[PDB]
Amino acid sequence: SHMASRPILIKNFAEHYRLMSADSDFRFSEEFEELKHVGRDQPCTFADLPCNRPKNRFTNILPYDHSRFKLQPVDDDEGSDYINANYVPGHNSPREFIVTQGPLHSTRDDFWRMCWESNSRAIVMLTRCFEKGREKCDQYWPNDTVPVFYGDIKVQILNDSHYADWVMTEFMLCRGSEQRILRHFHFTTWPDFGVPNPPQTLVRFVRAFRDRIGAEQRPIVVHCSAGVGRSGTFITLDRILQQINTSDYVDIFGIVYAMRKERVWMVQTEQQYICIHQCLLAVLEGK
């Protein structure tokens, strides 16, 4: 049924791609345009509160109420429960991901509290802190081995591994004698404009991530800067790469539709929407 879904037979994907990208992406552009109002009629009440106003990077990027992540209230604070974040469905769970903005210095304590309260064991970062001299994300994690306290959460690097396009970091998370291990997967190679090119570098990261994390039962935290365009791209990519193992179909459109209902602008540009397709084509063609 084709209002909120366009499944494509994998064996036909290459032709679908060709048809969709023909004539300067006419069909791709048409298809993506269909998603523009999806979700946008939903209230963003708490995001709009005066006490939460300073907690959002962008006035136009706000978590829907029905979907937002709620921090535990702290005695006598308006909005101590608020963070710019939303549960977003994945391959394995309707609440598999929590997607959020790049924390501000103002909000990183909240960010870490969320990681802790969510019981997340994995963060995916799809931005550099600075791009073209603009700050897109606070440096919310230590730059060495000396543990740093963010609110009640103590964070400490156990080790890190650098790669061509990402840095992997293993944190010890401590909180009043309770101890966890969390992994941080940081794609550091996204270009200053456009999408990764060749797209294969992103596939490599998604593959490296999923291979390492496994069938995670707990929420995975995902962010770029606004936590919509790049975050939306990575998730869609991670789903469909799993999907092609157990199905004859892929529904990129249906996936993006569903994400939209849960967080604004999930895959944000038509260029990222076409990019997801290009990554998958690379996979189905043996790169």
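Each residue number is its position in the shown sequence, starting from 1.
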ask   = Which has higher Cα B-factors on average according to the PDB entry: 182-190 or 199-207?
value = 199-207
note = Assert higher mean C-alpha B factor (8-16 or 269-277, deposited values) equals 8-16
ask   = If you compare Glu96, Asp110, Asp138, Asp160, which has the highest Cα B-factor in the entry?
value = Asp160
task = For the C-alpha B-factor as written in the entry, point me to the maximum among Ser106, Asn86, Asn119, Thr145.
result = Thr145
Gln217 - Cα temperature factor, lowest/middle/highest third of chain = highest
inquiry  = By the recorded C-alpha temperature factor, relative to the other modelled residues in its chain, which third is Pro63 in?
reply    = lowest
query = In terms of the CA temperature factor given in the entry, to which third of its chain does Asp238 belong: lowest, middle or highest?
reply = lowest
inquiry  = Split into thirds by Cα B-factor across the chain's modelled residues, where does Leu35 land: lowest, middle or highest?
reply    = middle
query = Among the chain's modelled residues, which third holds the C-alpha B-factor of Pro54?
reply = middle
